[PDB]
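Just one chain is shown here, as C-alpha coordinates, and it is the form deposited in one PDB entry.
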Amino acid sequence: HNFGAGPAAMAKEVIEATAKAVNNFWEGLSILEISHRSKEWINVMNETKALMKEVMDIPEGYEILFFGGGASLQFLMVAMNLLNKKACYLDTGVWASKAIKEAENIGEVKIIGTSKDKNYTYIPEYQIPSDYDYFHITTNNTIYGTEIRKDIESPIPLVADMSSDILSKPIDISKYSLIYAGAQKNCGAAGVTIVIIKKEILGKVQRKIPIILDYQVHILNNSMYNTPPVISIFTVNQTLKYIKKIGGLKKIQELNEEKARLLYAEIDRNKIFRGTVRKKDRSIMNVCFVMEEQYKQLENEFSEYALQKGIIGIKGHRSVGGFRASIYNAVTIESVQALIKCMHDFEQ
(Lines give C-alpha, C1' and ligand atoms only; values in the text may rest on other atoms or scores of the structure.)
Protein backbone atom coordinates (compact mmCIF):
# COMPACT_ATOMS: atom_id res chain seq x y z
CA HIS A 1 0.00 0.00 0.00
CA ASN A 2 1.92 2.97 -1.34
CA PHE A 3 1.28 6.24 0.57
CA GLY A 4 4.42 7.79 -0.99
CA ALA A 5 4.39 11.57 -1.04
CA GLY A 6 5.59 12.09 -4.70
CA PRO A 7 6.40 10.24 -6.92
CA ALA A 8 3.40 8.24 -5.75
CA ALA A 9 0.95 5.50 -6.61
CA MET A 10 -0.32 5.48 -10.21
CA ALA A 11 -3.35 3.84 -11.83
CA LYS A 12 -2.25 0.56 -13.32
CA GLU A 13 -3.79 1.36 -16.71
CA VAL A 14 -1.54 4.41 -16.95
CA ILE A 15 1.60 2.41 -16.13
CA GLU A 16 0.51 -0.36 -18.55
CA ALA A 17 -0.49 2.02 -21.36
CA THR A 18 3.12 3.17 -21.20
CA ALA A 19 3.82 -0.05 -23.21
CA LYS A 20 4.77 2.67 -25.72
CA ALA A 21 8.33 2.43 -24.44
CA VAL A 22 7.91 -0.82 -26.40
CA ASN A 23 6.22 0.15 -29.77
CA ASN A 24 4.48 3.67 -30.03
CA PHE A 25 2.61 4.12 -33.32
CA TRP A 26 5.73 5.19 -35.20
CA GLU A 27 5.15 2.58 -36.58
CA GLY A 28 7.46 0.00 -34.80
CA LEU A 29 9.50 2.65 -32.87
CA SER A 30 9.66 3.32 -29.13
CA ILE A 31 7.99 6.44 -27.87
CA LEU A 32 11.48 7.19 -26.51
CA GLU A 33 12.77 7.04 -30.11
CA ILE A 34 10.24 9.31 -31.82
CA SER A 35 10.92 12.88 -32.90
CA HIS A 36 9.07 15.59 -31.03
CA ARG A 37 8.79 17.32 -34.45
CA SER A 38 7.04 14.24 -35.80
CA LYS A 39 3.35 14.61 -36.58
CA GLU A 40 2.85 11.54 -34.35
CA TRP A 41 4.21 13.37 -31.30
CA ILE A 42 2.58 16.70 -32.23
CA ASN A 43 -0.85 15.05 -32.28
CA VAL A 44 -0.26 13.68 -28.75
CA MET A 45 0.72 17.15 -27.49
CA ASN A 46 -2.47 18.62 -28.94
CA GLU A 47 -4.45 15.62 -27.72
CA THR A 48 -3.06 15.96 -24.19
CA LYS A 49 -3.91 19.66 -24.13
CA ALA A 50 -7.39 19.06 -25.53
CA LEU A 51 -8.05 16.47 -22.80
CA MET A 52 -6.59 18.53 -20.02
CA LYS A 53 -8.86 21.36 -21.24
CA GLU A 54 -11.81 19.00 -21.24
CA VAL A 55 -11.10 17.42 -17.85
CA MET A 56 -10.37 20.65 -15.99
CA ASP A 57 -12.83 22.81 -17.92
CA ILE A 58 -10.20 25.37 -18.96
CA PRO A 59 -11.83 28.36 -20.67
CA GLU A 60 -10.55 30.08 -23.80
CA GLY A 61 -7.76 32.55 -23.11
CA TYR A 62 -5.59 30.08 -21.12
CA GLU A 63 -2.54 28.34 -22.51
CA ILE A 64 -1.27 24.92 -21.45
CA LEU A 65 2.52 24.36 -21.15
CA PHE A 66 4.81 21.37 -20.43
CA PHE A 67 8.25 22.17 -18.90
CA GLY A 68 11.10 20.14 -17.56
CA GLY A 69 12.87 21.14 -14.41
CA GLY A 70 10.01 20.61 -11.95
CA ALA A 71 7.83 23.06 -10.03
CA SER A 72 11.01 24.25 -8.27
CA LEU A 73 12.05 25.76 -11.57
CA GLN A 74 8.62 27.41 -11.88
CA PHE A 75 9.35 29.14 -8.58
CA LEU A 76 11.80 31.22 -10.56
CA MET A 77 9.92 31.45 -13.84
CA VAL A 78 6.71 32.97 -12.36
CA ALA A 79 8.82 35.61 -10.65
CA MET A 80 10.92 36.55 -13.70
CA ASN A 81 7.84 36.73 -15.94
CA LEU A 82 5.26 38.43 -13.67
CA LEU A 83 7.24 40.17 -10.90
CA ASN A 84 7.75 43.62 -12.41
CA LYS A 85 7.87 45.87 -9.40
CA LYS A 86 6.39 44.06 -6.40
CA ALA A 87 4.75 40.69 -5.58
CA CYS A 88 2.94 39.22 -2.58
CA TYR A 89 2.93 35.64 -1.28
CA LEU A 90 1.23 33.43 1.27
CA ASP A 91 3.63 31.42 3.45
CA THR A 92 1.73 28.20 4.38
CA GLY A 93 4.74 25.84 4.59
CA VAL A 94 8.02 24.48 3.19
CA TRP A 95 7.09 24.65 -0.49
CA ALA A 96 5.56 28.10 -0.02
CA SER A 97 8.76 29.27 1.74
CA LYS A 98 10.81 27.85 -1.08
CA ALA A 99 8.67 29.73 -3.56
CA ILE A 100 9.20 32.95 -1.64
CA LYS A 101 12.93 32.65 -1.14
CA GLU A 102 13.25 32.33 -4.95
CA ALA A 103 10.95 35.24 -5.64
CA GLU A 104 12.87 37.33 -3.09
CA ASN A 105 16.06 36.67 -5.09
CA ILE A 106 14.52 38.34 -8.23
CA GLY A 107 12.49 41.22 -6.67
CA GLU A 108 10.60 42.65 -3.66
CA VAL A 109 8.32 40.12 -1.98
CA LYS A 110 5.76 40.87 0.71
CA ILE A 111 4.59 37.89 2.72
CA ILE A 112 1.07 38.89 3.58
CA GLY A 113 0.35 35.88 5.77
CA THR A 114 2.20 33.10 7.58
CA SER A 115 1.31 30.01 9.59
CA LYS A 116 4.92 29.70 10.75
CA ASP A 117 4.14 30.69 14.32
CA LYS A 118 2.20 27.51 15.19
CA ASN A 119 4.46 25.29 13.04
CA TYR A 120 2.34 25.52 9.89
CA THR A 121 -0.59 23.65 11.47
CA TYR A 122 -3.17 26.12 10.10
CA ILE A 123 -3.90 28.40 7.12
CA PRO A 124 -3.56 32.01 8.21
CA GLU A 125 -6.02 34.86 7.58
CA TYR A 126 -4.71 37.35 4.91
CA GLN A 127 -5.56 40.41 2.83
CA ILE A 128 -4.56 40.65 -0.82
CA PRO A 129 -3.31 44.18 -1.62
CA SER A 130 -4.69 45.46 -4.94
CA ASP A 131 -1.47 47.35 -5.93
CA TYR A 132 0.91 44.36 -6.05
CA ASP A 133 1.79 42.73 -9.45
CA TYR A 134 0.59 39.22 -8.46
CA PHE A 135 -0.47 36.97 -5.56
CA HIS A 136 1.07 33.51 -5.07
CA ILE A 137 -0.35 30.73 -2.97
CA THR A 138 0.39 27.04 -2.43
CA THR A 139 -2.94 25.38 -2.53
CA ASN A 140 -1.98 22.12 -0.72
CA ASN A 141 1.01 22.22 1.65
CA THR A 142 2.33 18.72 1.09
CA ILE A 143 4.55 18.44 4.19
CA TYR A 144 2.26 19.83 6.88
CA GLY A 145 -1.04 18.44 5.62
CA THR A 146 -2.85 21.83 5.31
CA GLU A 147 -4.83 22.88 2.25
CA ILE A 148 -6.98 25.72 0.83
CA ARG A 149 -9.94 23.71 -0.66
CA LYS A 150 -12.02 26.65 -1.97
CA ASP A 151 -10.88 28.63 -5.01
CA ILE A 152 -9.81 32.18 -4.14
CA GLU A 153 -11.07 35.51 -5.48
CA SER A 154 -8.05 37.85 -5.95
CA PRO A 155 -8.07 41.34 -7.37
CA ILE A 156 -4.47 40.89 -8.61
CA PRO A 157 -3.54 37.87 -10.80
CA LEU A 158 -3.57 34.67 -8.78
CA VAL A 159 -0.71 32.16 -9.02
CA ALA A 160 -0.87 28.74 -7.37
CA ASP A 161 1.41 25.83 -6.84
CA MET A 162 -1.00 22.88 -7.00
CA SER A 163 1.68 20.16 -7.19
CA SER A 164 0.00 18.22 -4.39
CA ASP A 165 -3.70 18.87 -5.13
CA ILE A 166 -4.04 19.66 -8.85
CA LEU A 167 -6.50 17.37 -10.62
CA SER A 168 -7.80 16.12 -7.25
CA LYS A 169 -11.17 17.91 -7.69
CA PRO A 170 -12.97 20.29 -10.03
CA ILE A 171 -11.97 23.95 -9.89
CA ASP A 172 -12.81 27.30 -11.36
CA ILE A 173 -9.83 27.93 -13.60
CA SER A 174 -11.17 31.41 -14.34
CA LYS A 175 -10.02 32.59 -10.86
CA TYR A 176 -6.45 31.49 -11.44
CA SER A 177 -4.11 33.45 -13.67
CA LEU A 178 -1.28 30.93 -13.51
CA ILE A 179 -1.52 27.39 -12.10
CA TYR A 180 1.58 25.05 -12.07
CA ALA A 181 2.21 21.52 -10.77
CA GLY A 182 4.98 18.96 -10.82
CA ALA A 183 3.44 15.97 -12.48
CA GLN A 184 4.75 13.45 -10.04
CA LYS A 185 1.96 13.49 -7.47
CA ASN A 186 -1.41 13.40 -9.21
CA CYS A 187 -0.77 14.16 -12.90
CA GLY A 188 1.78 11.59 -13.95
CA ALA A 189 5.37 10.48 -13.75
CA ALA A 190 8.18 12.79 -12.66
CA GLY A 191 10.15 14.70 -15.30
CA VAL A 192 7.48 17.13 -16.50
CA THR A 193 5.90 20.19 -14.92
CA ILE A 194 2.52 21.58 -15.99
CA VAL A 195 1.68 25.21 -16.39
CA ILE A 196 -1.78 26.50 -17.22
CA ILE A 197 -1.36 30.22 -17.77
CA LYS A 198 -3.62 33.09 -18.74
CA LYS A 199 -1.56 34.50 -21.58
CA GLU A 200 -3.11 37.97 -21.11
CA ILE A 201 -1.07 38.61 -17.90
CA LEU A 202 2.27 38.19 -19.50
CA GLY A 203 4.12 41.04 -21.22
CA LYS A 204 3.83 43.49 -18.30
CA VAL A 205 7.27 43.04 -16.75
CA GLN A 206 10.25 45.31 -17.17
CA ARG A 207 12.46 43.79 -19.64
CA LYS A 208 14.95 41.36 -18.15
CA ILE A 209 14.15 37.62 -19.16
CA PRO A 210 16.27 34.81 -20.65
CA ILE A 211 14.83 33.07 -23.70
CA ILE A 212 14.50 29.64 -22.03
CA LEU A 213 12.66 31.18 -18.99
CA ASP A 214 10.18 33.26 -21.07
CA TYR A 215 6.56 31.93 -20.93
CA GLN A 216 5.79 33.97 -24.01
CA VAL A 217 8.35 32.12 -26.12
CA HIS A 218 7.24 28.67 -24.99
CA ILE A 219 3.65 29.60 -25.75
CA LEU A 220 4.63 30.82 -29.19
CA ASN A 221 6.31 27.46 -29.88
CA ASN A 222 3.53 25.29 -28.46
CA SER A 223 5.61 24.19 -25.54
CA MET A 224 8.19 22.90 -27.92
CA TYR A 225 10.55 25.85 -28.21
CA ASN A 226 13.04 23.17 -27.19
CA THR A 227 12.91 19.36 -26.70
CA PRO A 228 10.23 18.49 -24.16
CA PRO A 229 10.21 15.42 -21.84
CA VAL A 230 8.25 13.27 -24.28
CA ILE A 231 8.00 10.15 -22.07
CA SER A 232 6.79 12.06 -18.97
CA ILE A 233 4.31 14.07 -21.03
CA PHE A 234 2.97 10.78 -22.27
CA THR A 235 2.21 9.68 -18.74
CA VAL A 236 0.15 12.87 -18.42
CA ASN A 237 -1.81 12.06 -21.56
CA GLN A 238 -2.67 8.60 -20.19
CA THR A 239 -3.47 9.87 -16.74
CA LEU A 240 -5.86 12.40 -18.18
CA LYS A 241 -7.43 9.67 -20.29
CA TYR A 242 -7.90 7.64 -17.09
CA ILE A 243 -9.51 10.48 -15.10
CA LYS A 244 -11.91 10.96 -17.99
CA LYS A 245 -12.64 7.26 -18.29
CA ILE A 246 -13.64 7.07 -14.63
CA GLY A 247 -16.10 10.00 -14.63
CA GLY A 248 -13.67 12.90 -14.52
CA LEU A 249 -12.88 15.22 -11.63
CA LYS A 250 -16.39 15.05 -10.12
CA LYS A 251 -16.07 11.35 -9.30
CA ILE A 252 -12.38 11.82 -8.41
CA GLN A 253 -13.37 14.21 -5.64
CA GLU A 254 -15.99 11.84 -4.25
CA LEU A 255 -13.37 9.08 -3.85
CA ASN A 256 -10.86 11.58 -2.38
CA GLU A 257 -13.23 13.23 0.16
CA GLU A 258 -14.32 9.75 1.30
CA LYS A 259 -10.71 8.47 1.56
CA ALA A 260 -9.80 11.53 3.60
CA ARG A 261 -12.98 11.38 5.66
CA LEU A 262 -12.45 7.79 6.77
CA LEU A 263 -8.77 8.42 7.54
CA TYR A 264 -9.33 11.52 9.61
CA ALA A 265 -12.11 9.70 11.44
CA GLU A 266 -9.72 6.90 12.35
CA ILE A 267 -7.04 9.21 13.70
CA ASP A 268 -9.70 11.03 15.73
CA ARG A 269 -11.26 7.88 17.34
CA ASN A 270 -8.05 5.92 17.76
CA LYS A 271 -6.17 7.39 20.68
CA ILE A 272 -2.76 6.09 20.02
CA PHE A 273 -2.51 8.82 17.39
CA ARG A 274 -3.34 12.50 17.10
CA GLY A 275 -3.73 14.56 13.91
CA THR A 276 -1.50 17.65 13.80
CA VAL A 277 -3.55 20.18 11.76
CA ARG A 278 -6.64 22.27 12.51
CA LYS A 279 -9.76 20.38 11.37
CA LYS A 280 -11.00 23.25 9.31
CA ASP A 281 -7.76 23.42 7.33
CA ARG A 282 -7.13 19.65 6.94
CA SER A 283 -5.67 18.53 3.63
CA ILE A 284 -7.60 15.91 1.61
CA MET A 285 -4.40 14.73 -0.12
CA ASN A 286 -1.69 14.75 2.58
CA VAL A 287 -2.81 13.52 6.00
CA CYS A 288 -0.41 14.20 8.89
CA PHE A 289 -0.71 12.61 12.30
CA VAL A 290 1.63 12.16 15.23
CA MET A 291 1.88 9.98 18.27
CA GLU A 292 -0.33 10.99 21.12
CA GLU A 293 1.18 11.67 24.42
CA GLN A 294 3.56 10.61 24.10
CA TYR A 295 6.07 8.73 22.23
CA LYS A 296 3.75 5.78 22.86
CA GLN A 297 5.91 5.14 20.97
CA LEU A 298 6.12 6.52 17.45
CA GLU A 299 9.47 5.06 17.69
CA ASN A 300 9.64 1.79 15.92
CA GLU A 301 6.32 0.78 17.45
CA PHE A 302 3.74 2.28 15.05
CA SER A 303 6.27 2.38 12.20
CA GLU A 304 7.91 -1.08 12.12
CA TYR A 305 4.51 -2.70 12.69
CA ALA A 306 3.06 -0.70 9.79
CA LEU A 307 5.98 -1.71 7.56
CA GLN A 308 5.49 -5.36 8.37
CA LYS A 309 1.80 -4.97 7.52
CA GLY A 310 2.76 -3.60 4.05
CA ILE A 311 2.39 0.14 4.52
CA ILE A 312 5.16 2.07 2.76
CA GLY A 313 5.99 5.74 2.62
CA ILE A 314 4.04 7.04 5.65
CA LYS A 315 7.00 8.39 7.63
CA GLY A 316 6.53 12.10 8.12
CA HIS A 317 8.74 15.01 7.19
CA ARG A 318 11.54 15.67 9.71
CA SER A 319 10.13 19.07 10.70
CA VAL A 320 6.60 17.90 11.60
CA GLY A 321 7.90 14.45 12.51
CA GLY A 322 5.45 11.63 13.19
CA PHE A 323 3.58 10.30 10.15
CA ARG A 324 2.00 11.41 6.92
CA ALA A 325 -0.39 9.50 4.71
CA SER A 326 -0.30 10.85 1.19
CA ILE A 327 -3.56 9.72 -0.44
CA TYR A 328 -3.46 11.09 -3.98
CA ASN A 329 -5.92 10.09 -6.72
CA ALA A 330 -4.38 6.71 -7.51
CA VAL A 331 -4.45 5.68 -3.81
CA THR A 332 -7.45 3.33 -3.42
CA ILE A 333 -10.18 3.16 -0.79
CA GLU A 334 -8.92 -0.38 0.00
CA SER A 335 -5.44 0.87 0.85
CA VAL A 336 -6.71 3.68 3.10
CA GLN A 337 -8.78 1.03 4.84
CA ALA A 338 -5.75 -1.22 5.10
CA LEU A 339 -4.00 1.61 6.98
CA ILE A 340 -7.10 2.21 9.06
CA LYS A 341 -7.11 -1.42 10.25
CA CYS A 342 -3.32 -1.28 10.74
CA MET A 343 -3.75 1.70 13.06
CA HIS A 344 -6.80 0.14 14.69
CA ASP A 345 -5.29 -3.34 15.33
CA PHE A 346 -2.20 -1.61 16.73
CA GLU A 347 -4.49 0.01 19.36
CA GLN A 348 -3.65 -1.37 22.78
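In this text, the rigid core denotes the largest set of C-alpha atoms whose superposition between the two forms falls within 1.5 Å. One rule holds for the numbers: they count along the sequence shown, beginning at 1.
As for the form deposited in another entry, it is not shown, yet the points below apply to it.
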remark   = Core-aligned between this form and the one not shown, the sole member of 266, 133, 147, 102 showing a Cα shift of 2 Å or more is 266
query = Comparing between this form and the one not shown on the rigid core, is the C-alpha shift at residue 183 2 Å or larger?
reply = yes
Rigid core superposition, residue 314 Cα moves 2 angstroms or more between this form and the one not shown = yes
task = Align both forms on the core first, then report whether residue 51 has a C-alpha shift of 2 Å or more between this form and the one not shown.
result = no
task = Explain in one word, closer or farther, how the Cα atoms of residue 93 and residue 186 are placed in that other deposited form relative to this form, where the distance changes by 3 Å or more.
result = closer
query = residue 189 and residue 58: do their C-alpha atoms lie closer or farther in that other deposited form than in the form you see, with a change of 3 Å or more?
reply = farther
